[PDB]
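Structural overview
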Amino acid sequence: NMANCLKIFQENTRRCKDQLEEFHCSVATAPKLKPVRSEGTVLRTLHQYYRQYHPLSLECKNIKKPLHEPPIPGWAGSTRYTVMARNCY
Amino acid sequence: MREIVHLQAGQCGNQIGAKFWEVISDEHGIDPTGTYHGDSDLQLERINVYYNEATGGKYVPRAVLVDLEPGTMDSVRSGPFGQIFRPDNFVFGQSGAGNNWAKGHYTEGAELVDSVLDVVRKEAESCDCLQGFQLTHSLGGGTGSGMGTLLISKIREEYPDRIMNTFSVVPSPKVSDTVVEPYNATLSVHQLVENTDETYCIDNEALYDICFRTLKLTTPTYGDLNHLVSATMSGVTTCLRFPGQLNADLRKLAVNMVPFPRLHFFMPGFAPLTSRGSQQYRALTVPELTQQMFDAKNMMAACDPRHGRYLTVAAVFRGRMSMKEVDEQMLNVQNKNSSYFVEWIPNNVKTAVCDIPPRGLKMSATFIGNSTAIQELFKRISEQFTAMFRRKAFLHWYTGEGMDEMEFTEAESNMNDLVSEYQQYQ
Amino acid sequence: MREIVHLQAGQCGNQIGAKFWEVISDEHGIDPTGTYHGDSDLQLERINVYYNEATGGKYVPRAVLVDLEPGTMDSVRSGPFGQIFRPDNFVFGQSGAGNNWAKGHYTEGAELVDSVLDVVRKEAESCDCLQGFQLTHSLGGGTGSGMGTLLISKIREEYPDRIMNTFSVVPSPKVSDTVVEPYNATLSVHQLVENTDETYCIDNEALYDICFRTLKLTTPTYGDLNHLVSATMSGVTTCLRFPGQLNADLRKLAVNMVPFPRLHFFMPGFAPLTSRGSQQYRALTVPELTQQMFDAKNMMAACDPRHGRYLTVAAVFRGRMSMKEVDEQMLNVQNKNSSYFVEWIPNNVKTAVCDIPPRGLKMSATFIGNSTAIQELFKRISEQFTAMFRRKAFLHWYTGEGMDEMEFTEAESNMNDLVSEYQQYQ
Amino acid sequence: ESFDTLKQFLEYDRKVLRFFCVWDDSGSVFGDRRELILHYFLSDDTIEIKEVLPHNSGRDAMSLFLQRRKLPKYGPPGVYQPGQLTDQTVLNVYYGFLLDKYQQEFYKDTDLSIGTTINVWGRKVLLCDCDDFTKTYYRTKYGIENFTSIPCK
Amino acid sequence: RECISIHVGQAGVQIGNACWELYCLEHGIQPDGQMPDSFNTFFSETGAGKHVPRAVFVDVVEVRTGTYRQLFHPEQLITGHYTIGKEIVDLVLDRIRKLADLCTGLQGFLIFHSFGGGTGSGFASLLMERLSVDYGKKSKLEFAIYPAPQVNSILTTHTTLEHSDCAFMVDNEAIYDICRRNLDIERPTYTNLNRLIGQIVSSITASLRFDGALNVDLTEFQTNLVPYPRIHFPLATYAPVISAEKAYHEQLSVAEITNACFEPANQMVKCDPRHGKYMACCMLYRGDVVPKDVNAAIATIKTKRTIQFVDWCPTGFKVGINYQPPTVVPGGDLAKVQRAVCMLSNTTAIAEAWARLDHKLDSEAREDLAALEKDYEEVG
Amino acid sequence: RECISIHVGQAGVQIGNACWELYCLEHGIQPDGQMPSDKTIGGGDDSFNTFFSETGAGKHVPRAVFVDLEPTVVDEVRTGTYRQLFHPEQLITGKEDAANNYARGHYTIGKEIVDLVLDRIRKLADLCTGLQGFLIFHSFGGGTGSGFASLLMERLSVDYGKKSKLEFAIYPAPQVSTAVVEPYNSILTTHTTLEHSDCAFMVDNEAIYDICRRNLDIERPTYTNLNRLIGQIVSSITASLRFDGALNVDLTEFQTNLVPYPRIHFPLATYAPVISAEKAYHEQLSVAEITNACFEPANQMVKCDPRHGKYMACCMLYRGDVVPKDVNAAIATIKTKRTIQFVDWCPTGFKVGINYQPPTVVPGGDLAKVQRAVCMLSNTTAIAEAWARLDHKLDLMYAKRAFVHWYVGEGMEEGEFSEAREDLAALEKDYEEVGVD
Ligand SMILES: Nc1nc2c(ncn2[C@@H]2O[C@H](COP(=O)(O)OP(=O)(O)OP(=O)(O)O)[C@@H](O)[C@H]2O)c(=O)[nH]1
Ligand SMILES: Nc1nc2c(ncn2[C@@H]2O[C@H](COP(=O)(O)OP(=O)(O)OP(=O)(O)O)[C@@H](O)[C@H]2O)c(=O)[nH]1
Ligand SMILES: Nc1nc2c(ncn2[C@@H]2O[C@H](COP(=O)(O)OP(=O)(O)O)[C@@H](O)[C@H]2O)c(=O)[nH]1
Ligand SMILES: Nc1nc2c(ncn2[C@@H]2O[C@H](COP(=O)(O)OP(=O)(O)O)[C@@H](O)[C@H]2O)c(=O)[nH]1
Ligand SMILES: [Mg+2]
Ligand SMILES: [Mg+2]
């Protein structure tokens, strides 16, 4: 009874330490990546990344609201206000 | 066989416990997942004094994490060893305390103390033979002083016999972090002295000067502060977990420092502290460890011990050691420091030796000292209470929860009685 | 050889059957086409208690499901286990129940309850030694309290000595779901209490709160409300079908539980209720079941025994376990918390240990217990019935269904005497 | 030694390389197949991982799994002695310092690629996907193409 | 299962237009009638495939030659108290008996009308006592429409009040001011003012329409919300109404989608029940409504003393759940929401509106309404 | 946790216009109002829960009130760039102005929209689960920024009560002026909020023009330049509720650390890194230097000299990379300078909070990109002489009773001005009642 529990625990700890050592060897084995295209040119296409997908960063231009678009609830000057104001414009 | 229930109150106590439970995780070889990854069988043999065994081979720390607001529970849980505490051991409110005493003591602490007792007494019911209660809290906080001190009041009305030690964080002498620290400190000293068998007080000034003077760090982060105290708490409970030549449990020290029930205020320490650059150029022996224990510039806790007089000294050595050097160096530290000891006790220094040093060290030890130089710690707090209560500075927001001024004068009077009781040995 | 004929009343009964016969189907290892798939063979031995066996390897449950509206029946056949139920056993009405128990047997239910007498004593004679019937209905609805209560009453003539049973869905304390619960629940207790002897008590919020805090689901549904009642629904009758080393039927749980036929109202629970994120932190041992059984957060009823006193307790265990520790903790709970226990009875609690745990578990327990704290339920419904009957508010229906004002006073008087009976053992 | 931090902070302030991760666990008794969201911060070479709870709320919600410091590659290290984790040693003082001259590994972006398994303090988590910003960063910096999704969950 | 719908007057045919638009658009009913088991309770099963509607239109009757000429059976659609009812009421009873003879079991009987119409109130006050002498104690429903104050009213109260199980109170101006502060339908029309009450008549028969978890039928709220057999004239509000964009901005959960019914700004009639007393209520739910969050919402209202319950109703609540979200009409104004709440309640706060009607009017109807006023004061 | 802030007046809603972009930039919440699907921020998963609401569709709606009775600025706010992010009903629009009158916005034009504003705030608060308090964004010298804000403040305590009410107020400049009747509607709006406010912060106009002139290098600036700085300091005051750090401060900790009494609750506010990108990288922004900069009088956002007063409470709210050693090392030499005078009853005098989030910058905006930030909340008795000048102007002008006929014709009583003057006399007297040593 006690011997079975102790033997099971010894086998369990030994297996777990074995998998941990195998993981450590695998991290020691796995290859690394080296840079093609330099540091001074990855930032350039990152700069172009932030100017054709997300232009709002690095802009703060605050463009005006276009004239083909209906106003928020109401400030003055049937259907709902969205559709009615689309008909009005 | 003698298991310890840890109490973890506040934001301070939460971080201190969150890293004490990792210096006690590498000792017993507990991984972040919760499985035994140990090196020998000594830790496996008596891993019950801090850890509970779960059904799938997982090990679960046995401690209660309590704070009003959940902004600190998301920091302890997300840590490196944050996924081994129970979901049910994180008890929480909805609001915070915020540098106040009454909010954690009467009008909101009473609601959630009944929610922390339901897990504390459940936790003790799974214990085989409980030894006592360790608590980590801040004296200058709102939840450590508010809720944790309520727990000091509440648990020992149910278990009166068991031991009680607190790792308390006193306000710093030179620079403090909260304008109403002295109010909470004076209100907590009185309930501390009437309810705790022993007190391990830590100051951040005495950690910072060690990380400057001895450890020689350039940018000491707060984990570097909390490691010294976590090593201190791990090094006072050596003998319950490992065999040794002469083993001492918490009762065996508490019978050895306190002669009087109101003289239980201490001065922790830690011997093997070396710099990064000076690690291999220092001989690590008993004389150079005992030359680090009994100095003031390399000392933890708080005030200068040369301005007072020690009553007693405890020392818990770990590692294979020669007891003749132990006795010889303790006798010489009594003999050369004859002017700094009482004359009405023959032997003041206690000796306790366990066999196992921690990882990366060959021998280690922990200093514990009762002295009358702790009188100076409360002198400045009482001075601040007298200098701020005269104008009734923050008085109306303690009366904003139904509390009167009579208990404030009672706390000041009890602090004065305590600080005059230590005085008669000079 | 000991066969159970199953009668469910109302949409409540149909839809609690839709999950009880899911739990039974999982524990006896059958599939939604009715045949056998399970791993072991001892489950196939005593299938005859619940499943009627037909030619062609089919196990029809002995479940007769009655209702006054066919859409919930079509929803029952629309479930994952809607195939294994026979189509002949479904009894269907034409008009609604009107949130009253009158017309489910008087006007439209006369011919319909004549029709169920061709399925009650047909399915009974196919067995050999019918162990008993059992029911589950709702006291806040009309058809469950109409057909189910009279089928409780009508079945007493043909088979008196055979044990009957019911699981009563008492109305919700805080958020009521129907205004007729002062009538339709109280009117089934004055004379439909002597017909039954094993009345349990399952409450809607009493599953809500425990599913919130114990299982920790942000979005609970009725699919686990039915699971939590079905686990007790099958755990009461486990030794009937599964051999063990201490076998004890439901008649056992009747004899060893109640001293008088009037005092037979129970208060159940189920102990392995751990959150899915707290499975790996809880040591599934014998003491942690009987710890959780004696708590208000694992109580499947509205009332609280801390306000009352434990009269008798029952516990039915599973799994190959050793019975030293259950009796050790059992002697522990009779002695430490001795204030919440009733004198004039030497030992109060019955144990029943079988060998087979439910699939995926190793040990569990089922709770049955009467008390004087269930007085809190019937008084809280009686005060709301007496707070509205004095204004003669709802009598216009009841004048037109052949019920006069004598049986109203009869209902109030039976409530009064059953309440006053439960006051002496306080 | 390059002990300045303003380089990687100014030019890499708001760049986060996301990776979708999956931690399979059938060996343990009550482990669940918990998937994770990885965040590598190029600002200070730190790394935090996030949890996404599935439907019906199987577990509790903390919104954080690991905090804002660097991931060790060689498993969980035993904790060092106090003072051993400093970045630069120093001679004996004089409040000032006089530094020394005659005197640890961490995961970096060069190791995270689609198809590898990494060591988050002992766990067997597997990188499966990335977002389009991470695809662009690897396409430019390391020439990696065909960021094929690994079919999991 | 087979339900019926009767609608009286110009108001009746106009509200039946939008109500049957909702009914025909939940199912795959295109205006020809065919398909590309939820349909049988309002439509028949004809072997040719054209589903005959189970509806009777009595009386604008545009609806004949508009978008749906072939969907409506022209024999069922018929073209006011003592003269005109002699050749219509006994004739439309023939068609009612024709439709009832093919149904297996009839359960619903739904009559809609307008109080201000000669035909609309006269046939309303003819059909229900002709109903009493041919059908008996079967349930009948009345969701009446009468214009709000400040913008034949008593002639029908002495003959319909005693012989009606339920009667709502739909006021046109009271929906006119209910959207302009919430929606932005500036200058609301009339041909789609019945779209909202079309949504409510969709919600009242939801369990008859769709399957449910805790669902309840048409016969129950005329046996649950009625205290007394002569007085039961409740109200009905459908507060959770918004357009698509406010359905996109704010998050809709069950708790704060029911508070709008209890507040007077979305109370469907103008008379706020702060003066009155909440007698009892009725939850008719639909969509992704969970049984947990509802019972975490009524408990917050119950512990509030701003509301006032009557003394004799301790429970005072009623719950019915339906699976499907409401169906949004193309060309309508509803948002494709995932949850909605339908309200049924009777209050004492109707009595002050009828005292307003009393002193605005100011012979047997007069004394009967005065006695009704006194009885409603004594009850609450 | 939750937080709800209230902007009153065109000053308040313009502060929201030029401040809530920083709330949209702390997280990655777009001006459209969604989380971008390929670019991520990496700030946890609930750091947006306090200031923005989550909708199951995915879009994020804020928790704030922009109320104005005059349309010309709130209409610009809605019609501008954030036309979809803001909830439409959360932007309350009026139809007429106040014309620098407290009386109209407090009684006559007030009461017919305060009920709807109360409805909006009650709905928004009942949406929230862990609401911590209120923040007030309104002016003093205006009419609708004074009267409507005062009526909202006097209506708030009736409903909720004990929830904290923080104030961020705009004060008339000592040297220059915008309107002519500003002492009147100033002391009329500090008379009723005094019993309702908890810690009233203070913002001047010319005192931030000095900051934007000499530290930051802008000649001839406008309101948006200072509005961005105000937005920076209010976001840094709520920094620790949203992100994690060593020492954490929430909205219940400022009250317990700044004001000792209910009658002296007017601290001062200062933000230290106010340099631009041309000089941020030409000098080292050390923690010692940015700690020394906050105690220089030239950094103050209110035109007053604190050397003539006694410091009462301070509240450090640090940010980014901060070593806790140098914080104590800088505060320890803060006590060493005898030129900074301290009072005797506050021996500690400092509260420190650390966050691990760097101070963000609007991209291409005005300020620089730095790693450290200081939020100074200096409670001092030097705010009394900023009130003695307003009292002096009131005494000089009230003796001729100028412009009172505008107020008395809309619900005012002429005796209420004397009551407000005596209340401010008490508010002036109690400041020297604590100046005794
Ligand atoms: N809410 C609502 N009200 C309606 C609707 N259609 C009509 N009504 C109201 O009901 C009234 C119906 O008109 P009637 O009162 O019958 O007048 P009529 O059509 O000339 O009928 P007679 O006077 O008998 O000839 C109108 O005045 C409307 O106010 C509708 O679709 N919805
Ligand atoms: N510092 C600062 N002050 C502002 C800003 N915007 C407006 N103000 C203040 O507003 C004052 C001008 O009065 P207003 O606020 O426009 O008056 P109002 O609120 O519209 O009240 P009425 O004119 O009566 O409608 C100036 O004295 C400024 O102090 C701002 O962006 N920054
Ligand atoms: N030793 C130690 N002190 C701490 C820690 N965290 C905070 N403190 C100190 O505790 C004081 C603040 O405590 P406080 O935030 O009020 O705790 P709270 O009551 O939980 O909120 C400061 O003076 C800190 O120096 C810790 O982890 N260890
Ligand atoms: N406890 C419990 N209650 C249920 C369940 N299913 C339905 N109910 C309750 O049944 C009540 C209404 O059902 P009821 O009217 O009795 O259905 P009926 O039997 O057809 O009349 C509601 O309050 C529900 O909460 C269940 O599985 N468990
Ligand atoms: Mg008409
Ligand atoms: Mg304005």
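Residues numbered from 1 in each chain as written, not as in the entry; some residues may be left out. Chains lettered and ligands numbered in written order. Part of a larger assembly, values for the part shown. Heavy atoms only, no water.

Looking at the PDB entry, one finds chain F named Tubulin alpha-3 chain, with Bos taurus as its source organism. The deposited PDB record carries the title "48-nm repeat of the native axonemal doublet microtubule from bovine sperm". In the Catalytic activity part of its UniProt record, chain F is described as follows: "GTP + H2O = GDP + phosphate + H(+)". (UniProt positions renumbered as here; feature names shortened; annotations may be inferred.)

1. Side note on the overall build of chain F
In terms of helices and strands, chain F carries 17 helices and 15 strands. What you see for chain F is a C-alpha radius of gyration of 21 Å, in line with the 22 Å of a compact globule of 437 residues. In terms of principal-axis extent, the alpha carbons of chain F reach across some 60 × 60 × 45 Å. Relative to its 437 residues, chain F shows a buried fraction of 63%. Within chain F, contacts between residues separated by at least 24 positions form 84% of all contacts whose residues are at least 6 apart in sequence. When the accessible surface of chain F is summed, it comes to about 16300 Å², and 53% of that surface belongs to carbon and sulfur atoms. Counting 40 positive and 57 negative side-chain charges, chain F places the centres of these two groups 3 Å from one another. (Helix = DSSP H or I, 4+ residues; strand = E, 2+ residues; numbered from the N terminus. Rg over C-alpha atoms; globule rule 2.2 N^0.38 Å. Buried < 20%, exposed > 50% of the residue type's maximum accessible area, 1.4 Å probe, protein only. Contact = heavy atoms within 4.5 Å. Areas by Shrake-Rupley, 256 points an atom, 1.4 Å probe, with all protein chains shown as cover. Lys, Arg positive; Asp, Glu negative; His and termini not counted. Charge placed at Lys NZ, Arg CZ, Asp CG, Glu CD.)

2. Quick word on the overall build of chain A
In terms of regular secondary structure, chain A is built from three helices and zero strands. The globule rule puts the C-alpha radius of gyration for 89 residues at 12 Å, and the 32 Å found for chain A is more than 25% above it. Referenced to the eigenvectors of the C-alpha coordinate spread, the extents of chain A come out at roughly 90 × 50 × 20 Å. When burial is assessed residue by residue, chain A has 22% of its 89 residues classed as buried.

3. Quick look at the UniProt feature "active site" in chain F
In this structure's numbering, the residues bearing the UniProt feature "active site" are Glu253 of chain F. Its place among the elements puts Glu253 of chain F in helix α11 (residues 251-258). Beyond its immediate sequence surroundings of up to four residues, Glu253 of chain F is in contact with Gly98 and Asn99 of chain B together with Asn248 and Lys351 of chain F.

4. So, the site of ligand 3
Residue and element names in this part refer to chain B. Taken together, the neighbourhood of ligand 3 is formed by 16 residues, with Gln11, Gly142, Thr143, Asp177 and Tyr222 sitting nearest. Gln15 places a side-chain nitrogen or oxygen 3.2 Å from an oxygen atom of ligand 3. Burial of ligand 3 by the surrounding chains reaches 91%, relative to a free accessible area of 600 Å². Counting only elements with at least two residues in the shell around ligand 3, the list comes to α1 (12-27) and α9 (222-234). Counting residues per element, the shell around ligand 3 draws most heavily on α1, at three residues. Classifying every residue of the shell around ligand 3 gives three nonpolar, ten polar and three charged. (Near = heavy atom within 4 Å. Polar contact = N/O pair within 3.5 Å; in protein donor to acceptor, adjacent residues only side chain to side chain. Nonpolar A, V, L, I, M, F, W, Y, C, P; charged D, E, K, R; others polar.)

5. Examining the UniProt feature "binding site: GTP" in chain F
Residues and elements named next belong to chain F. Per the UniProt record, "binding site: GTP" is found at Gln10, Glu70, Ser139, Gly143, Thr144, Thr178, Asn205 and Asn227. With sequence-adjacent residues up to four places away left out, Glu70 is seen in contact with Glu96 and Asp97. The residue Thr178 is located in the loop between β7 (164-170) and α7 (182-187) in this model. In this structure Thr178 comes out as exposed when scored by relative accessible area, which is 78%.

6. Thoughts on the side chain of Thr312 of chain B
Residues and elements named next belong to chain B. As for its placement among the helices and strands, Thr312 is situated in strand β9 (residues 310-318). Within the structure, the side chain of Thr312 is placed 2.9 Å from the backbone oxygen of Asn348, a separation counted as a polar contact. If we ignore the near neighbours within four places in the chain, the residues touching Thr312 are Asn256, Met257, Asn348, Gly369 and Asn370.

7. Observations regarding the pairing of strand β7 (residues 283-287) of chain E
Residue and element names in this part refer to chain E. Of all the five residues making up β7, five are buried; the element is thus mostly covered by neighbouring parts of the structure. Where β7 and strand β9 (residues 339-347) come together, five bridges link them in antiparallel fashion. The partner of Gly287 across the bridge, within β9, is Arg339. (Pairing = 2+ DSSP bridges.)

8. Here we look at the pairing of strand β4 (residues 63-66) of chain C
Residues and elements named next belong to chain C. What you see with β4 is no split at all: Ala63 and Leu65 on one side and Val64 and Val66 on the other are buried throughout. By the bridge criterion, four bridges tie strand β1 (residues 2-9) to β4 in an arrangement that is parallel. Bridging across to β4, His6 finds its partner in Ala63.

9. Some points on the coordination of the magnesium ion (ligand 6)
Coordination sphere of the magnesium ion (ligand 6), protein contribution only: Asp68 of chain F (OD) and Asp68 of chain F (OD), at 2.1 to 2.4 Å. Along the chain, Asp68 of chain F falls in strand β4 (residues 64-68). (Donors = N, O, S within 2.8 Å, 3.2 Å for Na, K, Ca; no water.)

10. Some thoughts on the environment of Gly57 of chain B
Relative to the elements of secondary structure, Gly57 of chain B occurs in the loop between β2 (51-53) and β3 (59-61). For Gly57 of chain B and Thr35 of chain B, which are 22 residues apart along the polypeptide, the C-alpha to C-alpha distance reads 6.7 Å.

11. Digging into a nonpolar patch on the surface
Residue and element names in this part refer to chain B. A cluster of nonpolar side chains, contributed by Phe260, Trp344 and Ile345, occupies part of the molecular surface with about 260 Å² of accessible area. Assignment of secondary structure puts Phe260 in the loop between α10 (250-257) and α11 (286-293). Looking at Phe260, the relative accessible area reads 36%, which means it is partly exposed. (Patch = residues over 30% accessible without salt bridge, like charges linked within 9 Å, V, L, I, M, F, W, Y side chains within 5 Å. Salt bridge = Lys/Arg side-chain N within 4 Å of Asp/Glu carboxyl O.)

12. Brief notes about the pattern of salt bridges
It is possible for side chains of opposite charge to pair when their charged atoms get near one another. Using the criterion set out here, one finds 60 salt bridges over all chains in the structure. Salt-bridge contacts for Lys65 of chain A lead to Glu69 of chain A; the nearest nitrogen and oxygen are separated by 3.8 Å. Put simply, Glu158 of chain C and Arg121 of chain C hold a salt bridge, and the shortest N to O gap is 2.7 Å. With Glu158 of chain C in helix α4 (residues 142-158) and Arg121 of chain C in helix α3 (residues 109-125), the pair connects residues that are 37 residues apart, well separated along the chain.

13. Digging into the sheet that holds strand β2 (residues 55-58) of chain E
Residue and element names in this part refer to chain E. The four strands lie next to each other as β2-β1-β3-β4, forming an open sheet whose pairing is parallel. A single partner strand is all that each edge strand has here, and the edge strands are β2 and β4 (141-142). Sheet analysis places strand β3 (residues 110-112) next to β4, joined by two bridges and oriented parallel. If you follow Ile111 over to β4, its bridge partner there is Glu142.

14. Some remarks on the arrangement of the chains
A comparison of contact numbers over the eleven pairs of chains in contact places chains B and F at the top. With no contact formed, the shortest span from any C-alpha in chain B to any C-alpha in chain E equals 18 Å.

15. A word on the packing of helix α5 (residues 111-127) of chain F against helix α6 (residues 147-159) of chain F
When two helices pack together, their arrangement is given by the angle between the helix axes and the distance between those axes. Residue and element names in this part refer to chain F. Relative orientation of the contacting elements α5 and α6 amounts to 50 degrees, with a least axis distance of 11 Å. As judged from the angle between their axes, α5 and α6 are oblique. For α5 against α6, the interelement crossing comes out right-handed. Across from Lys111, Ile113, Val114, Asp115, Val117, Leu118 and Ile121 in α5, the residues of α6 making contact are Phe148, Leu151, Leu152, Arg155 and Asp159. Residue composition of the contact of α5 with α6, grouped by class: eight nonpolar, no polar and four charged. (Axes fitted to C-alpha atoms, helices over the stretch in contact; angles between N-to-C directions. Parallel < 35°, antiparallel > 145°, perpendicular 65-115°, else oblique. Left-handed = near helix turned anticlockwise from the far one by under 90°.)

16. Considering the domain arrangement of chain F
Residue and element names in this part refer to chain F. Per the domain assignment, the segments of chain F are domain 1 (2-258) and domain 2 (268-384). For domain 1 and domain 2, the distance between their C-alpha centroids amounts to 23 Å. Facing the 40 residues of domain 1 at the interface are 37 residues of domain 2. The junction of domain 1 with domain 2 conceals about 3500 Å² of combined surface from both sides, 65% of it contributed by carbon and sulfur atoms. Residues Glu26 and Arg319 are paired through a salt bridge, measuring 2.9 Å at the closest nitrogen-oxygen approach. Taken together, domain 1 and domain 2 are joined by twelve residue pairs in polar contact. Mapped onto the side of domain 1 that touches domain 2, the elements with two or more residues apiece are α2 (20-26), β8 (199-203), α8 (206-215), α9 (223-237), α10 (239-242) and α11. With eight residues, α9 is the largest single contributor of residues to the side of domain 1 that touches domain 2. (Domains from an automatic or database assignment. Buried area = accessible area lost by both parts, 1.4 Å probe.)

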